[PDB]
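J.: What follows is a single structure, and I will ask about it in a moment.
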Amino acid sequence: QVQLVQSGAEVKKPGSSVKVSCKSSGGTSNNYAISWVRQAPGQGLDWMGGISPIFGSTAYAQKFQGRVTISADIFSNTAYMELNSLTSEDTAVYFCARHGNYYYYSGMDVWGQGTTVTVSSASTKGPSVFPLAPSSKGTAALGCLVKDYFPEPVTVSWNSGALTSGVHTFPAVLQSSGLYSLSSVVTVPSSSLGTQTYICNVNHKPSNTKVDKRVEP
Amino acid sequence: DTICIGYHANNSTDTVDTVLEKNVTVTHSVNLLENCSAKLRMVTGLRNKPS
Amino acid sequence: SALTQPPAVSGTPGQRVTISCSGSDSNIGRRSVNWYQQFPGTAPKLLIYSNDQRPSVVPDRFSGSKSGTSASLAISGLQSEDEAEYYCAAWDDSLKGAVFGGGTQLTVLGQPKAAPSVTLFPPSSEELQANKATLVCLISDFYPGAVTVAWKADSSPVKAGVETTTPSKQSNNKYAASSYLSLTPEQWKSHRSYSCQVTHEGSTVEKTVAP
Amino acid sequence: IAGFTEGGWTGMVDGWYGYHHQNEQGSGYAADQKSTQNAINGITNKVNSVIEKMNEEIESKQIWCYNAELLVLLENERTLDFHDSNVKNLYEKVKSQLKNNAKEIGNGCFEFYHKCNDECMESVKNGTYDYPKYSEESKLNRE
Ligand SMILES: *[C@@H]1O[C@H](CO)[C@@H](O)[C@H](O)[C@H]1NC(C)=O
């Protein structure tokens with residue numbers, strides 16, 4: 001079975017360029033057409049262009065023309081997408097897909113995991129965490145606020161990951177200020193509050209920040 | 001009403017040599033110098049003969 | 001978008017529902033149609049290709065049709081797992097590119113209405129010390145997963161600093177969401193009350209905090 | 001305008017082998033998806049195979065350099081002839097479909113003795129052409 005393997009997620013300041021890779025693992029895709037399709041966050045699919053290495057084709061969307069360089073390598077079963085003159089608007093998730101045949105008319109039936117690329121003029125920052133005390137509620141809610149961190153993503157666990165039931169961590173919110181922020185909450189029995197203690201494990205790899213915080217009433 | 005059967009052509013300038021012919025122009029070719037003879041062009045496309 | 005898709009469709013389990021694609025002659029009119037299925041945060045999957053062809057693995061309840069410059073995707077006997085975003089696609093002869101629809105949101109609502117439980121949090125003592133204030137609104141256990149959040153200062157509505165996350169599903173299948181109002185400490189100290197107004201299916205729930 | 005005997009089609013970008021049709025509805029280039037893909041499946045297979053064989057000393061490495069360059073020549077030969085074989089199969093794939101419902105103009109083109117609309121054209125291309133459907137129409141026009 002054929003598989004598509006993309007480089008990990010990338011983050012760049014505007015105007016630089018980023019090159020994303022696609023490896024055909026477990027077989028070759030040289031005999032297939034491959035396309036790069038991008039999804040802006042919460043947006044529809046957008047065709048950037050494609051390449052068919054044996055056929056001898058390199059194709060471009062009219063809109064991405066002159067700014068993108070799509071190249072391929074038959075020996076390594078790898079396809080490349082290079083985007084240039086990056087802007088914040090180029091922030092998206094980028095996919096590679098293998099078609100049914102050599103050309104782009106056929107449906108695309110094999111997809112890479114996708115590589116997320118984010119363009120922001122800011123740099124790396126550690127999150128600021130603040131506890132959310134249980135004032136309100138036979139069941140109650142307490143939580144953690146993760147504030148002002150760049151770039152994505154941050155992981156949160158509770159009590160060294162031992163606490164799992166009823167825990168929900170929200171999607172992060174990108175601040176007008178340009179910093180991501182998010183909240184984590186858990187629902188617990190009201191009875192257990194005075195007795196049982198709660199600590200949140202927050203890890204942010206990009207800053208390489210590891211913070212433990214205890215939430216108290 | 002007519003229908004024609006035809007083959008592909010383009011402006012590819014790539015040339016390769018074959019046993020019988022030398023410098024045949026083709027639509028696409030791959031260069032094997034990734035892994036010397038200076039030219040190790042292998043044809044993938046077909047012979048380029050524009051209208 | 002070269003291809004026209006409805007923003008959202010809805011169905012109850014067991015129903016047959018249809019999704020439309022409106023194009024011009026340059027694309028659908030002259031080209032084959034492909035349909036894609038996407039689950040959130042994951043890569044798309046190919047559903048229909050060449051207008052009506054279906055992959056071997058895809059359930060037979062999926063079918064495709066194309067007429068003129070418009071195409072339709074039909075899913076009969078709708079199931080809960082089919083809830084996802086759907087994209088029509090075609091090659092465009094004028095553009096010499098693949099074009100996509102805006103995307104179509106299918107909702108399979110197999111739960112009875114659940115109004116949200118709202119719990120609103122005041123700024124932490126630490127955060128104020130930082131000279132920052134944020135208010136956190138937690139909306140939980142509501143179904144279906146669409147709500148509107150409004151923030152009030154005193155009894156008057158405010159919009160600066162309001163940033164709201166999109167609904168996400170629970171373990172118990174209900175949706176949950178969070179909203180934040182970012183404040184300067186003086187703004188927070190000054191007005192007597194702040195309220196968070198959540199509206200779900202036409203009914204408003206409110207929580208209020210005071211310094 | 002012809003046609004593969006006289007030369008290649010610059011108008012066709014979407015295939016190695018294809019059709020060109022002209023009728024009341026229009027004139028246009030189309031690719032034969034089947035035969036080209038087969039070829040690509042074929043061309044790529046040999047290419048992968050050629051690479052696999054590849055991996056006093058100055059002197060021997062010159063020997064080895066020889067070994068490749070010969071192989072390229074064989075496969076380049078085998079390759080171009082493969083296409084030339086394939087284009088033939090397509091013309092004839094078509095000539096076997098049409099029979100006397102059409103004229104072989106020579107140089108690689110066919111002119112129909114019956115009216116051919118886009119739907120009939122397509123029937124020709126996919127191998128489902130209905131000879132009897134137009135065969136009465138064709139018999140008359142010849143005379
Ligand atoms: C090969 O062809 C080119 C024209 O593309 C010509 O300039 C060159 O001299 C030829 N070389 C040989 C060795 O025939």
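A note on labels: chains of the structure tokens are A, B, ... as shown, every chain counts residues from 1, and ligands are counted from 1 in their shown order.
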Distance table requested - chain A against chain C, cut-off 7 Å, only C-alpha atoms: one row per qualifying residue with the closest atom pair and its distance in Å to one decimal, ordered by chain and rising residue number, as CSV.
T.:
```
residue,atom,partner,partner_atom,distance
A:44,CA,C:102,CA,5.0
A:45,CA,C:100,CA,6.0
A:46,CA,C:100,CA,6.5
A:47,CA,C:98,CA,5.8
A:61,CA,C:97,CA,5.3
A:62,CA,C:95,CA,6.6
A:105,CA,C:91,CA,6.3
A:107,CA,C:49,CA,5.3
A:108,CA,C:46,CA,6.2
A:109,CA,C:46,CA,5.4
A:111,CA,C:43,CA,6.8
A:113,CA,C:43,CA,6.2
A:114,CA,C:43,CA,6.7
A:130,CA,C:127,CA,6.3
A:131,CA,C:124,CA,6.4
A:132,CA,C:124,CA,6.5
A:136,CA,C:119,CA,6.6
A:137,CA,C:119,CA,6.8
A:170,CA,C:178,CA,7.0
A:171,CA,C:165,CA,6.4
A:173,CA,C:165,CA,6.3
```
J.: With C-alpha atoms kept, could you save the residues just selected as a PDB file, in the first residue's frame?
T.:
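Result file follows (out-v3.pdb):
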```pdb
ATOM      1  CA  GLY A  44     -12.596  25.687   1.683  1.00  0.00           C
ATOM      2  CA  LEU A  45     -10.030  23.800  -0.327  1.00  0.00           C
ATOM      3  CA  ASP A  46      -7.789  25.741  -2.673  1.00  0.00           C
ATOM      4  CA  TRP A  47      -5.788  24.252  -5.541  1.00  0.00           C
ATOM      5  CA  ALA A  61      -3.154  27.699 -10.478  1.00  0.00           C
ATOM      6  CA  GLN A  62      -3.398  31.042 -12.208  1.00  0.00           C
ATOM      7  CA  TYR A 105      -8.805  15.195 -14.012  1.00  0.00           C
ATOM      8  CA  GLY A 107     -10.166  11.965  -8.325  1.00  0.00           C
ATOM      9  CA  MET A 108      -7.486  12.218  -5.595  1.00  0.00           C
ATOM     10  CA  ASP A 109      -7.603   9.055  -3.469  1.00  0.00           C
ATOM     11  CA  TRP A 111      -3.673  12.088   1.011  1.00  0.00           C
ATOM     12  CA  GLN A 113      -1.329  14.106   6.707  1.00  0.00           C
ATOM     13  CA  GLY A 114      -1.005  17.716   5.669  1.00  0.00           C
ATOM     14  CA  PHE A 130      -3.567  31.856  35.612  1.00  0.00           C
ATOM     15  CA  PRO A 131      -5.777  29.530  37.766  1.00  0.00           C
ATOM     16  CA  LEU A 132      -9.614  29.507  37.513  1.00  0.00           C
ATOM     17  CA  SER A 136     -19.784  28.599  40.942  1.00  0.00           C
ATOM     18  CA  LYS A 137     -21.316  25.259  39.862  1.00  0.00           C
ATOM     19  CA  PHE A 170     -10.824  24.273  24.383  1.00  0.00           C
ATOM     20  CA  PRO A 171      -9.441  25.257  20.977  1.00  0.00           C
ATOM     21  CA  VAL A 173      -7.963  31.756  20.333  1.00  0.00           C
TER      22      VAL A 173
END
```
J.: Find the spatial neighbours of residue 39 (chain B), counting only C-alpha atoms, within a cut-off of 12 Å - ignore same-chain residues fewer than 3 positions away - and output them as JSON, numbers by chain.
T.: {"B": [14, 15, 16, 17, 23, 29, 30, 31, 32, 33, 36, 42], "D": [65, 66, 68, 69, 70, 72, 73]}
J.: Any chance you can output those residues with N, CA and C atoms as a PDB file, in the first residue's frame?
T.:
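Writing done, so here's result-v2.pdb:
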```
ATOM      1  N   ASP B  14      15.027  19.088 -25.132  1.00  0.00           N
ATOM      2  CA  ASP B  14      15.864  18.022 -24.630  1.00  0.00           C
ATOM      3  C   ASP B  14      16.174  17.096 -25.782  1.00  0.00           C
ATOM      4  N   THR B  15      17.391  16.576 -25.805  1.00  0.00           N
ATOM      5  CA  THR B  15      17.752  15.635 -26.842  1.00  0.00           C
ATOM      6  C   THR B  15      18.414  14.461 -26.165  1.00  0.00           C
ATOM      7  N   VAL B  16      18.272  13.299 -26.777  1.00  0.00           N
ATOM      8  CA  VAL B  16      18.925  12.103 -26.301  1.00  0.00           C
ATOM      9  C   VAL B  16      19.465  11.364 -27.499  1.00  0.00           C
ATOM     10  N   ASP B  17      20.317  10.388 -27.243  1.00  0.00           N
ATOM     11  CA  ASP B  17      20.818   9.559 -28.316  1.00  0.00           C
ATOM     12  C   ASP B  17      20.232   8.182 -28.057  1.00  0.00           C
ATOM     13  N   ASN B  23      20.979  12.518 -30.950  1.00  0.00           N
ATOM     14  CA  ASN B  23      20.255  13.792 -30.846  1.00  0.00           C
ATOM     15  C   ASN B  23      18.816  13.850 -31.345  1.00  0.00           C
ATOM     16  N   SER B  29      12.448  14.212 -20.774  1.00  0.00           N
ATOM     17  CA  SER B  29      13.534  13.296 -20.518  1.00  0.00           C
ATOM     18  C   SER B  29      13.997  13.525 -19.100  1.00  0.00           C
ATOM     19  N   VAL B  30      14.583  12.492 -18.520  1.00  0.00           N
ATOM     20  CA  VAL B  30      15.113  12.580 -17.178  1.00  0.00           C
ATOM     21  C   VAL B  30      16.620  12.403 -17.223  1.00  0.00           C
ATOM     22  N   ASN B  31      17.290  13.116 -16.329  1.00  0.00           N
ATOM     23  CA  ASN B  31      18.738  13.117 -16.248  1.00  0.00           C
ATOM     24  C   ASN B  31      19.082  12.285 -15.030  1.00  0.00           C
ATOM     25  N   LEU B  32      19.863  11.233 -15.241  1.00  0.00           N
ATOM     26  CA  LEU B  32      20.168  10.302 -14.162  1.00  0.00           C
ATOM     27  C   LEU B  32      21.319  10.674 -13.233  1.00  0.00           C
ATOM     28  N   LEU B  33      21.697  11.949 -13.206  1.00  0.00           N
ATOM     29  CA  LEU B  33      22.941  12.350 -12.562  1.00  0.00           C
ATOM     30  C   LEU B  33      22.333  13.018 -11.335  1.00  0.00           C
ATOM     31  N   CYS B  36      29.763  12.322 -14.587  1.00  0.00           N
ATOM     32  CA  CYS B  36      30.396  11.112 -15.108  1.00  0.00           C
ATOM     33  C   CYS B  36      30.479  11.069 -16.639  1.00  0.00           C
ATOM     34  N   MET B  42      17.759   9.851 -20.316  1.00  0.00           N
ATOM     35  CA  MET B  42      16.882   8.735 -20.611  1.00  0.00           C
ATOM     36  C   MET B  42      15.520   9.237 -21.054  1.00  0.00           C
TER      37      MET B  42
ATOM     38  N   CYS D  65      31.007   2.920 -16.005  1.00  0.00           N
ATOM     39  CA  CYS D  65      30.442   4.117 -16.627  1.00  0.00           C
ATOM     40  C   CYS D  65      29.926   3.728 -18.016  1.00  0.00           C
ATOM     41  N   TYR D  66      30.674   2.846 -18.657  1.00  0.00           N
ATOM     42  CA  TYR D  66      30.374   2.288 -19.967  1.00  0.00           C
ATOM     43  C   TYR D  66      29.047   1.523 -19.856  1.00  0.00           C
ATOM     44  N   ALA D  68      26.448   1.699 -17.948  1.00  0.00           N
ATOM     45  CA  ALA D  68      25.242   2.522 -17.875  1.00  0.00           C
ATOM     46  C   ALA D  68      24.836   3.074 -19.233  1.00  0.00           C
ATOM     47  N   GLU D  69      25.785   3.784 -19.834  1.00  0.00           N
ATOM     48  CA  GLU D  69      25.606   4.515 -21.085  1.00  0.00           C
ATOM     49  C   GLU D  69      25.075   3.591 -22.183  1.00  0.00           C
ATOM     50  N   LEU D  70      25.431   2.310 -22.128  1.00  0.00           N
ATOM     51  CA  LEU D  70      24.972   1.356 -23.130  1.00  0.00           C
ATOM     52  C   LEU D  70      23.487   1.166 -22.798  1.00  0.00           C
ATOM     53  N   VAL D  72      21.336   2.959 -21.270  1.00  0.00           N
ATOM     54  CA  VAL D  72      20.518   4.127 -21.584  1.00  0.00           C
ATOM     55  C   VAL D  72      20.091   4.050 -23.037  1.00  0.00           C
ATOM     56  N   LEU D  73      21.063   3.763 -23.890  1.00  0.00           N
ATOM     57  CA  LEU D  73      20.850   3.683 -25.324  1.00  0.00           C
ATOM     58  C   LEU D  73      19.824   2.608 -25.660  1.00  0.00           C
TER      59      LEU D  73
END
```
J.: Enumerate as a count of residues only the residues belonging to chain A that approach chain D to within 9 Å, with only C-alpha atoms taken into account.
T.: 11
J.: Applying 12 Å and only C-alpha atoms, which residues near residue 91 (chain D) remain after dropping the ones on its own chain fewer than 5 positions away? List them as an MDAnalysis selection string.
T.: (chainID B and resid 3:7) or (chainID D and resid 3:5 17:20 32 35 84:86 96:98 104:110 124:125)
J.: Write the residues you've just listed into a file as a PDB file, in the first residue's frame, and include N, CA and C atoms for each of them.
T.:
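File produced: selection_10.pdb:
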```
ATOM      1  N   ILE B   3     -12.326  13.108 -37.497  1.00  0.00           N
ATOM      2  CA  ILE B   3     -11.583  12.822 -36.273  1.00  0.00           C
ATOM      3  C   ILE B   3     -10.137  12.466 -36.615  1.00  0.00           C
ATOM      4  N   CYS B   4      -9.198  12.920 -35.792  1.00  0.00           N
ATOM      5  CA  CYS B   4      -7.795  12.703 -36.097  1.00  0.00           C
ATOM      6  C   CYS B   4      -7.157  11.900 -34.968  1.00  0.00           C
ATOM      7  N   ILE B   5      -6.167  11.069 -35.285  1.00  0.00           N
ATOM      8  CA  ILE B   5      -5.439  10.364 -34.239  1.00  0.00           C
ATOM      9  C   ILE B   5      -4.039  10.985 -34.278  1.00  0.00           C
ATOM     10  N   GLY B   6      -3.481  11.339 -33.122  1.00  0.00           N
ATOM     11  CA  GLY B   6      -2.227  12.085 -33.076  1.00  0.00           C
ATOM     12  C   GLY B   6      -1.320  11.819 -31.895  1.00  0.00           C
ATOM     13  N   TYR B   7      -0.140  12.444 -31.865  1.00  0.00           N
ATOM     14  CA  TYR B   7       0.711  12.248 -30.699  1.00  0.00           C
ATOM     15  C   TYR B   7       1.128  13.618 -30.189  1.00  0.00           C
TER      16      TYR B   7
ATOM     17  N   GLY D   3      -1.955  15.712 -37.574  1.00  0.00           N
ATOM     18  CA  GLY D   3      -2.177  14.283 -37.686  1.00  0.00           C
ATOM     19  C   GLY D   3      -0.785  13.712 -37.508  1.00  0.00           C
ATOM     20  N   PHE D   4      -0.669  12.520 -36.927  1.00  0.00           N
ATOM     21  CA  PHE D   4       0.663  12.036 -36.583  1.00  0.00           C
ATOM     22  C   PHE D   4       1.700  11.686 -37.663  1.00  0.00           C
ATOM     23  N   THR D   5       1.329  11.403 -38.917  1.00  0.00           N
ATOM     24  CA  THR D   5       2.397  11.177 -39.915  1.00  0.00           C
ATOM     25  C   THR D   5       3.290  12.394 -40.191  1.00  0.00           C
ATOM     26  N   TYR D  17      -0.793  10.351 -26.226  1.00  0.00           N
ATOM     27  CA  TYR D  17      -1.614   9.906 -27.346  1.00  0.00           C
ATOM     28  C   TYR D  17      -3.045  10.403 -27.195  1.00  0.00           C
ATOM     29  N   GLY D  18      -3.664  10.781 -28.308  1.00  0.00           N
ATOM     30  CA  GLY D  18      -4.936  11.475 -28.256  1.00  0.00           C
ATOM     31  C   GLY D  18      -5.739  11.452 -29.544  1.00  0.00           C
ATOM     32  N   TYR D  19      -6.827  12.216 -29.542  1.00  0.00           N
ATOM     33  CA  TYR D  19      -7.694  12.381 -30.704  1.00  0.00           C
ATOM     34  C   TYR D  19      -7.792  13.868 -31.002  1.00  0.00           C
ATOM     35  N   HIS D  20      -8.054  14.201 -32.259  1.00  0.00           N
ATOM     36  CA  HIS D  20      -8.559  15.521 -32.593  1.00  0.00           C
ATOM     37  C   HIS D  20      -9.791  15.428 -33.467  1.00  0.00           C
ATOM     38  N   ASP D  32      -6.116  10.381 -24.959  1.00  0.00           N
ATOM     39  CA  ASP D  32      -6.608   9.037 -24.691  1.00  0.00           C
ATOM     40  C   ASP D  32      -6.000   8.661 -23.343  1.00  0.00           C
ATOM     41  N   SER D  35      -4.423   4.613 -22.837  1.00  0.00           N
ATOM     42  CA  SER D  35      -3.170   4.202 -23.461  1.00  0.00           C
ATOM     43  C   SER D  35      -1.953   4.946 -22.906  1.00  0.00           C
ATOM     44  N   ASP D  84       5.934   4.549 -30.617  1.00  0.00           N
ATOM     45  CA  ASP D  84       5.625   4.398 -32.027  1.00  0.00           C
ATOM     46  C   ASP D  84       4.716   3.189 -32.182  1.00  0.00           C
ATOM     47  N   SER D  85       4.999   2.123 -31.438  1.00  0.00           N
ATOM     48  CA  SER D  85       4.105   0.974 -31.446  1.00  0.00           C
ATOM     49  C   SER D  85       2.718   1.420 -30.950  1.00  0.00           C
ATOM     50  N   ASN D  86       2.678   2.113 -29.811  1.00  0.00           N
ATOM     51  CA  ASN D  86       1.413   2.536 -29.191  1.00  0.00           C
ATOM     52  C   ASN D  86       0.491   3.448 -30.015  1.00  0.00           C
ATOM     53  N   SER D  96     -10.447   0.020 -36.461  1.00  0.00           N
ATOM     54  CA  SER D  96     -11.192  -1.237 -36.335  1.00  0.00           C
ATOM     55  C   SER D  96     -12.627  -0.898 -35.908  1.00  0.00           C
ATOM     56  N   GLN D  97     -12.793   0.220 -35.205  1.00  0.00           N
ATOM     57  CA  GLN D  97     -14.137   0.623 -34.794  1.00  0.00           C
ATOM     58  C   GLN D  97     -15.004   1.145 -35.950  1.00  0.00           C
ATOM     59  N   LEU D  98     -14.431   2.041 -36.757  1.00  0.00           N
ATOM     60  CA  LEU D  98     -15.198   2.783 -37.761  1.00  0.00           C
ATOM     61  C   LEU D  98     -15.565   2.008 -39.029  1.00  0.00           C
ATOM     62  N   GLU D 104     -10.357   6.655 -44.407  1.00  0.00           N
ATOM     63  CA  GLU D 104      -9.059   6.820 -43.866  1.00  0.00           C
ATOM     64  C   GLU D 104      -8.438   7.904 -44.747  1.00  0.00           C
ATOM     65  N   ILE D 105      -8.204   9.116 -44.265  1.00  0.00           N
ATOM     66  CA  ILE D 105      -7.524  10.018 -45.168  1.00  0.00           C
ATOM     67  C   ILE D 105      -6.041   9.787 -45.429  1.00  0.00           C
ATOM     68  N   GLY D 106      -5.369   9.062 -44.563  1.00  0.00           N
ATOM     69  CA  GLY D 106      -3.972   8.851 -44.837  1.00  0.00           C
ATOM     70  C   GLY D 106      -3.420   9.903 -43.923  1.00  0.00           C
ATOM     71  N   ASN D 107      -2.153   9.793 -43.561  1.00  0.00           N
ATOM     72  CA  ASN D 107      -1.367  10.667 -42.674  1.00  0.00           C
ATOM     73  C   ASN D 107      -1.846  10.613 -41.222  1.00  0.00           C
ATOM     74  N   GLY D 108      -2.738   9.669 -40.910  1.00  0.00           N
ATOM     75  CA  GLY D 108      -3.211   9.494 -39.544  1.00  0.00           C
ATOM     76  C   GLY D 108      -4.577  10.046 -39.166  1.00  0.00           C
ATOM     77  N   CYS D 109      -5.285  10.601 -40.142  1.00  0.00           N
ATOM     78  CA  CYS D 109      -6.639  11.133 -39.942  1.00  0.00           C
ATOM     79  C   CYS D 109      -7.821  10.346 -40.551  1.00  0.00           C
ATOM     80  N   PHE D 110      -9.040  10.519 -40.018  1.00  0.00           N
ATOM     81  CA  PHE D 110     -10.200   9.827 -40.597  1.00  0.00           C
ATOM     82  C   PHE D 110     -11.260  10.890 -40.900  1.00  0.00           C
ATOM     83  N   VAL D 124     -16.585   6.691 -30.173  1.00  0.00           N
ATOM     84  CA  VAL D 124     -15.381   6.278 -30.880  1.00  0.00           C
ATOM     85  C   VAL D 124     -14.224   6.180 -29.887  1.00  0.00           C
ATOM     86  N   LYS D 125     -14.008   7.257 -29.136  1.00  0.00           N
ATOM     87  CA  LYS D 125     -12.890   7.341 -28.201  1.00  0.00           C
ATOM     88  C   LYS D 125     -12.876   6.271 -27.097  1.00  0.00           C
TER      89      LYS D 125
END
```
J.: Tell me, which residues of region 113-159 of chain C carry DSSP strand (DSSP E), written as a list in words?
T.: residues 117, 118, 119, 120, 121, 133, 134, 135, 136, 137, 138, 139, 140, 141, 142, 148, 149, 150, 151, 152, 153, 156, 157 and 158 of chain C
J.: So which residues touch region 4-16 of chain C within 10 Å, counting only C-alpha atoms, skipping near sequence neighbours fewer than 3 positions away, as a VMD selection string?
T.: chain C and resid 1 19 to 24 61 to 62 70 74 to 80 82 to 83 85 to 88 100 to 111
J.: How would you write, as a PDB file with C-alpha atoms, in the first residue's frame, the set of residues in chain D that DSSP gives as alpha helix (DSSP H)?
T.:
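Dumped to selection36.pdb:
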```pdb
ATOM      1  CA  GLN D  33      -6.329   8.490 -20.942  1.00  0.00           C
ATOM      2  CA  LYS D  34      -6.098   4.703 -21.087  1.00  0.00           C
ATOM      3  CA  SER D  35      -3.170   4.202 -23.461  1.00  0.00           C
ATOM      4  CA  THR D  36      -1.043   7.020 -22.025  1.00  0.00           C
ATOM      5  CA  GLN D  37      -1.436   5.779 -18.437  1.00  0.00           C
ATOM      6  CA  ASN D  38      -0.487   2.284 -19.507  1.00  0.00           C
ATOM      7  CA  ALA D  39       2.601   3.754 -21.131  1.00  0.00           C
ATOM      8  CA  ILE D  40       3.467   5.707 -17.979  1.00  0.00           C
ATOM      9  CA  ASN D  41       2.973   2.557 -15.930  1.00  0.00           C
ATOM     10  CA  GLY D  42       5.363   1.003 -18.431  1.00  0.00           C
ATOM     11  CA  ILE D  43       7.897   3.826 -18.778  1.00  0.00           C
ATOM     12  CA  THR D  44       8.186   4.261 -15.023  1.00  0.00           C
ATOM     13  CA  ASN D  45       8.606   0.520 -14.464  1.00  0.00           C
ATOM     14  CA  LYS D  46      11.676   0.337 -16.752  1.00  0.00           C
ATOM     15  CA  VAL D  47      13.081   3.508 -15.234  1.00  0.00           C
ATOM     16  CA  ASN D  48      12.854   2.069 -11.703  1.00  0.00           C
ATOM     17  CA  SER D  49      14.456  -1.140 -13.030  1.00  0.00           C
ATOM     18  CA  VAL D  50      17.352   0.661 -14.712  1.00  0.00           C
ATOM     19  CA  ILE D  51      18.209   2.533 -11.516  1.00  0.00           C
ATOM     20  CA  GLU D  52      18.209  -0.705  -9.456  1.00  0.00           C
ATOM     21  CA  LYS D  53      21.081  -2.246 -11.534  1.00  0.00           C
ATOM     22  CA  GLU D  57      40.031   1.778  -9.605  1.00  0.00           C
ATOM     23  CA  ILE D  58      39.866   4.866 -11.794  1.00  0.00           C
ATOM     24  CA  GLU D  59      40.384   2.340 -14.512  1.00  0.00           C
ATOM     25  CA  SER D  60      37.491  -0.111 -13.614  1.00  0.00           C
ATOM     26  CA  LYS D  61      35.008   2.732 -12.759  1.00  0.00           C
ATOM     27  CA  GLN D  62      35.501   3.789 -16.404  1.00  0.00           C
ATOM     28  CA  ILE D  63      34.341   0.239 -17.356  1.00  0.00           C
ATOM     29  CA  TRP D  64      31.182   0.649 -15.208  1.00  0.00           C
ATOM     30  CA  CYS D  65      30.442   4.117 -16.627  1.00  0.00           C
ATOM     31  CA  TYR D  66      30.374   2.288 -19.967  1.00  0.00           C
ATOM     32  CA  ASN D  67      27.796  -0.205 -18.643  1.00  0.00           C
ATOM     33  CA  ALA D  68      25.242   2.522 -17.875  1.00  0.00           C
ATOM     34  CA  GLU D  69      25.606   4.515 -21.085  1.00  0.00           C
ATOM     35  CA  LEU D  70      24.972   1.356 -23.130  1.00  0.00           C
ATOM     36  CA  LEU D  71      21.846   0.589 -21.028  1.00  0.00           C
ATOM     37  CA  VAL D  72      20.518   4.127 -21.584  1.00  0.00           C
ATOM     38  CA  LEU D  73      20.850   3.683 -25.324  1.00  0.00           C
ATOM     39  CA  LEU D  74      18.985   0.378 -25.271  1.00  0.00           C
ATOM     40  CA  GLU D  75      16.170   1.676 -23.160  1.00  0.00           C
ATOM     41  CA  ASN D  76      15.967   4.975 -25.068  1.00  0.00           C
ATOM     42  CA  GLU D  77      15.625   2.865 -28.220  1.00  0.00           C
ATOM     43  CA  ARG D  78      13.102   0.539 -26.632  1.00  0.00           C
ATOM     44  CA  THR D  79      11.253   3.558 -25.313  1.00  0.00           C
ATOM     45  CA  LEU D  80      10.704   5.530 -28.519  1.00  0.00           C
ATOM     46  CA  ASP D  81       9.709   2.412 -30.359  1.00  0.00           C
ATOM     47  CA  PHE D  82       7.265   1.655 -27.549  1.00  0.00           C
ATOM     48  CA  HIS D  83       5.510   4.969 -28.289  1.00  0.00           C
ATOM     49  CA  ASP D  84       5.625   4.398 -32.027  1.00  0.00           C
ATOM     50  CA  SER D  85       4.105   0.974 -31.446  1.00  0.00           C
ATOM     51  CA  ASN D  86       1.413   2.536 -29.191  1.00  0.00           C
ATOM     52  CA  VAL D  87       0.294   5.309 -31.578  1.00  0.00           C
ATOM     53  CA  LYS D  88      -0.223   2.637 -34.202  1.00  0.00           C
ATOM     54  CA  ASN D  89      -2.407   0.618 -31.839  1.00  0.00           C
ATOM     55  CA  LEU D  90      -4.595   3.665 -31.265  1.00  0.00           C
ATOM     56  CA  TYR D  91      -5.106   4.539 -34.952  1.00  0.00           C
ATOM     57  CA  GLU D  92      -5.995   0.947 -35.595  1.00  0.00           C
ATOM     58  CA  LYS D  93      -8.002   0.816 -32.369  1.00  0.00           C
ATOM     59  CA  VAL D  94     -10.070   3.444 -34.090  1.00  0.00           C
ATOM     60  CA  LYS D  95      -9.821   2.084 -37.659  1.00  0.00           C
ATOM     61  CA  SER D  96     -11.192  -1.237 -36.335  1.00  0.00           C
ATOM     62  CA  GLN D  97     -14.137   0.623 -34.794  1.00  0.00           C
ATOM     63  CA  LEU D  98     -15.198   2.783 -37.761  1.00  0.00           C
ATOM     64  CA  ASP D 118     -19.927  14.965 -29.930  1.00  0.00           C
ATOM     65  CA  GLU D 119     -21.764  11.913 -28.505  1.00  0.00           C
ATOM     66  CA  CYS D 120     -20.753   9.674 -31.441  1.00  0.00           C
ATOM     67  CA  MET D 121     -17.211  11.130 -31.276  1.00  0.00           C
ATOM     68  CA  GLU D 122     -16.978  10.035 -27.637  1.00  0.00           C
ATOM     69  CA  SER D 123     -18.306   6.573 -28.487  1.00  0.00           C
ATOM     70  CA  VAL D 124     -15.381   6.278 -30.880  1.00  0.00           C
ATOM     71  CA  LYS D 125     -12.890   7.341 -28.201  1.00  0.00           C
ATOM     72  CA  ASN D 126     -14.089   4.926 -25.471  1.00  0.00           C
ATOM     73  CA  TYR D 131     -21.179   0.830 -36.308  1.00  0.00           C
ATOM     74  CA  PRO D 132     -24.697  -0.227 -37.268  1.00  0.00           C
ATOM     75  CA  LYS D 133     -26.120   2.931 -35.808  1.00  0.00           C
ATOM     76  CA  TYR D 134     -24.617   5.025 -38.519  1.00  0.00           C
ATOM     77  CA  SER D 135     -23.841   2.287 -41.031  1.00  0.00           C
ATOM     78  CA  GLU D 136     -26.888   2.840 -43.192  1.00  0.00           C
ATOM     79  CA  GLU D 137     -26.205   6.583 -43.179  1.00  0.00           C
ATOM     80  CA  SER D 138     -22.577   5.921 -44.290  1.00  0.00           C
ATOM     81  CA  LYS D 139     -23.316   3.418 -47.140  1.00  0.00           C
ATOM     82  CA  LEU D 140     -25.347   5.967 -49.125  1.00  0.00           C
ATOM     83  CA  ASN D 141     -23.031   9.008 -48.770  1.00  0.00           C
ATOM     84  CA  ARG D 142     -20.074   7.060 -50.159  1.00  0.00           C
TER      85      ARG D 142
END
```
